[PDB]
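A, B, ... follow the sequence lines: proteins, then strands. Residue 1 opens every chain. Heavy-atom basis, side chains included; hydrogens, waters and symmetry copies ignored.
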Number of protein chains: 2
Amino acid sequence: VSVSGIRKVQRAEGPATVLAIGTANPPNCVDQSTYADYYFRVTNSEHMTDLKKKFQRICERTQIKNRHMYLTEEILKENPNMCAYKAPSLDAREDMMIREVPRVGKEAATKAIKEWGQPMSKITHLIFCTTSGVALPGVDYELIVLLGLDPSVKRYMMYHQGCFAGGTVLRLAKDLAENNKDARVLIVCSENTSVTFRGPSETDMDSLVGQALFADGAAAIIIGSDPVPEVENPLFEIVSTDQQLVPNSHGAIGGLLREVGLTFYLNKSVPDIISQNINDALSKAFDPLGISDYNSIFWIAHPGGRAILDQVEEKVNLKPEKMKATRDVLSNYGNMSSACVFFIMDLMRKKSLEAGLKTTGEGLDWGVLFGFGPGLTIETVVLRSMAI
Amino acid sequence: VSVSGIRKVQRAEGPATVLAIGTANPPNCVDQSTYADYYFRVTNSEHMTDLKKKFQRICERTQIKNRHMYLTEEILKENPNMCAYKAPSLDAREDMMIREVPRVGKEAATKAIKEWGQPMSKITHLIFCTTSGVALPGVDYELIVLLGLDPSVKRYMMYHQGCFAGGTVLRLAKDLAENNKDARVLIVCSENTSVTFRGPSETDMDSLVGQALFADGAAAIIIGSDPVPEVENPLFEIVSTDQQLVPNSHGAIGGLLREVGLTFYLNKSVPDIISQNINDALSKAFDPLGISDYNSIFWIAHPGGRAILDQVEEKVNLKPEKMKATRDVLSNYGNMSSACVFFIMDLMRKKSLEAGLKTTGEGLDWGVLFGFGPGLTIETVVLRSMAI
């Protein structure tokens, strides 16, 4: 009879906390030092001698050593339209996406659930983030079925978000967990290159670069406020989440869903863009916490490109090591879009534990996580580490 | 220095409240009593004499008198692939969607903002819901630009949600508003039939029925907790939001994004499905409030189809009038997907005011809002009306 009273007992009390992380990828590993050759071969573009030499340079300075990919040489053969630069292939790509995205996403969820140790039925919210794979019902539905989630789970299907979605899902999860007592959110970010893979064009260089960066992978995260003592194991607390649109940056990063799959472009200026606007976001997120030394906190940055990492580090004046975990993931998995920051988050706490550091954030109390994407969006999440 | 303290002062105190509603539609009005003829003519399907007579029956029992549509006879002529049953036309449809969805959505937002009376800069969150129009950055970005929203607005781009999204955006808005002090959420649900319009097929009857129900329209809603006395005008409070998946219903409602646009299917059993599962949702949402008489509360139901409304009303034993507002919108606008419930919400409070009733909900204190869609999802939102 009292909406005010309901609200008072319905809400959680503490900050949203990362309780478990799980990751998975398609088995197939593609070696970067030989991709230029593999790529130009399966695409039948050997006559583009100059472009090939060019693509080899790209893959070298990419600082990527390995990438997991659902697409095999066999799957490519059965799909000529996908090997071409631009040919009708949206239907075939979406079917692969619709089938693989939920799949790898489930593998990651299972690992997170096992770590978390709580029963399936306790998951109250489901945030599924993926670049594509459009169906109705959507991929979130399939995840529910494959995983066995409760039919009353509140769903949040985030399609075509962009490379910054890692921050998006955390920003959304914060509110879901904090506003509802006992709410336990399952985030599943599953990315797959099936929609973006295509042949080379002497006229579309941006598209050629993406063929060197994107990879496949999924990450599952359990998030909740008020962790149960001894039963649940808090890893990181979400302190604050900001989203910012950098003016005059639409042409920076983007793409369109077409009959020839997902196209995309990447301006050579994104590193400058991100670097010139990065300090305002840091100030907005750390001035309130009285933090001025950005080397005194740990980092987790989207690995959009090596140039980006170099620029930001150079501009903010960050010890090398601050970007080590981030570069480590980029080097072993490549650019898995929204899934990257969680692989880095996972890696950081894993390494911190084995090295005997005092906190999950490389022994430091505060840290920041960044997401970079379309329209040139910047997600800035402040994170508090957890002890031991 | 204290994450617990921050949380304590960062959160709102009261329940999320609807503060303003604004709607808009493409100018073009299509008369239902003559659509069968118009449809078979512009599609060049006059030879399907029997199917045409069949489609005329469909449009009659549809209980739809008018529908707003961006697509004109002229726009259809310039687009043959869209007039065909199934032909490559995804690119053309998406471009129309990308251009019109943000457009009509802005027109609706402006009306809501005017009513609300507060400055643009006060909008802290943006939830944009639309069936399609895939781009990166997305339609939400364009809305920000067209409208002049703050570059730090937190965005939530909800693509391909389904006919139940009206409840989805309210469920999401509840958390955003309630968990953040001063948070003011702008919801923009903009739907356009450009992706679903196509020619008739003697073999695809479900697709033919949809050609009779879907229409174009946009709705904007401002939502916030702790309304400012005298300055802000609370219309409805969001009490609770539930989402439910009805088992074995995947084939009920759905569709796939293809090279030929957005396809879809509608099982003849959805009315039975919705009716047989409707009481569990009512019980789950009203037993806690001690409400057993469903005629003692006001209604706002997605107008998926007349059969649905008839069935639910018959099963729940609802006075005729309970569904009057809902049928009114269905009759003047048709099925505008996620935008429907807000046109009904708007209509209900408008009518309640002019009739001199004591509350915005037809003079009753409590009410329910339902969303029906893919995988056969049911959104059940409990709403408290506001005085005078």
Side-chain angles (χ1 to χ4, degrees), chain A residues 12 15-25 101-116 118 120 122-131 133 138-144 146-147 149-150 153-180 183-192 217-225 227 232-238 241 243 300 302 336-346 349 369-371 373 379 381 383, chain B residues 154 156-158 171-172 175-176 179 243:
Chain A
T17 308
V18 174
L19 301 176
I21 310 168
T23 66
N25 315 68
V101 172
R103 220 263 302 191
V104 177
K106 174 184 177 308
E107 306 181 308
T110 287
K111 299 183 186 182
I113 301 305
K114 184 167 184 179
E115 176 188 355
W116 180 41
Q118 289 291 294
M120 272 280 106
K122 289 301 173 65
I123 297 293
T124 56
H125 298 66
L126 197 218
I127 302 179
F128 200 117
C129 175
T130 188
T131 290
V139 166
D140 59 306
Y141 166 77
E142 178 59 9
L143 195 285
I144 288 176
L146 295 180
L147 209 54
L149 292 185
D150 187 274
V153 176
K154 295 173 172 67
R155 333 194 298 267
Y156 305 79
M157 190 70 243
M158 315 311 287
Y159 279 119
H160 329 302
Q161 303 299 290
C163 284
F164 66 74
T168 302
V169 294
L170 287 172
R171 169 162 56 79
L172 170 52
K174 180 183 187 301
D175 291 354
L176 304 179
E178 276 163 23
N179 201 45
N180 305 96
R184 281 290 173 287
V185 185
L186 168 62
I187 299 175
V188 175
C189 294
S190 195
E191 307 287 14
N192 187 115
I221 325 289
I222 283 78
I223 289 180
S225 289
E232 281 177 332
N233 180 52
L235 302 173
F236 293 104
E237 295 184 320
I238 311 289
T241 61
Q243 198 183 195
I300 294 175
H302 179 56
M336 301 180 290
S337 191
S338 74
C340 287
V341 295
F342 302 104
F343 272 67
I344 299 178
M345 186 179 282
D346 199 31
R349 63 103 172 218
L369 173 152
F370 286 112
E379 296 274 348
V381 183
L383 300 180
Chain B
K154 295 173 172 67
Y156 305 79
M157 190 70 243
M158 315 311 287
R171 169 162 56 79
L172 170 52
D175 291 354
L176 304 179
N179 201 45
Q243 198 183 195

Taking atom types as modelled, is there a side-chain donor on A/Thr131 or A/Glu191 under 3.5 Å from an acceptor on the other?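 Judged by distance alone, the side chains do pair up.
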
At their closest point, which heavy atom of [X] faces which heavy atom of [Y], and how far apart are they?
X	Y	value
A/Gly162	A/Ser337	O-OG, 3.8 Å
A/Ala177	A/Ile223	CB-CG2, 4.0 Å
A/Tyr159	A/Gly138	OH-CA, 3.3 Å
A/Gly224	A/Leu19	N-CD1, 4.0 Å
A/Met336	A/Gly217	SD-CA, 3.8 Å
A/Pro227	A/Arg184	CA-NH2, 4.0 Å

Considering only heavy atoms from C-beta outward, does the side chain of [X] approach that of [Y] to under 4.5 Å?
X	Y	answer
A/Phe236	A/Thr17	no
A/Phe342	A/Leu170	yes
A/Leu176	A/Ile127	yes
A/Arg171	B/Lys154	yes
A/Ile123	A/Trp116	yes

Using side-chain contact (heavy atoms from CB on, under 4.5 Å), reason through A/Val104 and A/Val101 one step at a time and then give a plain yes or no. CA-CA 6 Å; A/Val104 177; A/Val101 172; over 6 Å; no

Option among A/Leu149, A/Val185, A/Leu186 that satisfies the side-chain contact (heavy atoms from CB on, under 4.5 Å) test with A/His125: A/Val185

Using a strict 4.0 Å threshold on nitrogen-to-oxygen distance, state whether [X] and [Y] make a salt bridge.
X	Y	answer
A/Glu379	A/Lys174	no
A/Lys122	A/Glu232	no
A/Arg103	A/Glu107	yes

Step by step, would you call A/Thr130 with A/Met157 a side-chain contact (heavy atoms from CB on, under 4.5 Å)? CA-CA 8 Å; A/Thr130 188; A/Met157 190 70 243; 4.0 Å; yes

Evaluate side chain to side chain donor-acceptor pair (under 3.5 Å) for A/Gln161 paired with A/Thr168, printing each intermediate quantity in order. CA-CA 8 Å; A/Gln161 303 299 290; A/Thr168 302; 4.8 Å; no

Dump the intermediate steps for side chain to side chain donor-acceptor pair (under 3.5 Å) on A/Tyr141 and A/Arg155, then the final yes or no. CA-CA 9 Å; A/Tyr141 166 77; A/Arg155 333 194 298 267; over 6 Å; no

Given side-chain contact (heavy atoms from CB on, under 4.5 Å), test A/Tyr156 with A/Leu172 step by step and report yes or no. CA-CA 9 Å; A/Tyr156 305 79; A/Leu172 170 52; 4.0 Å; yes

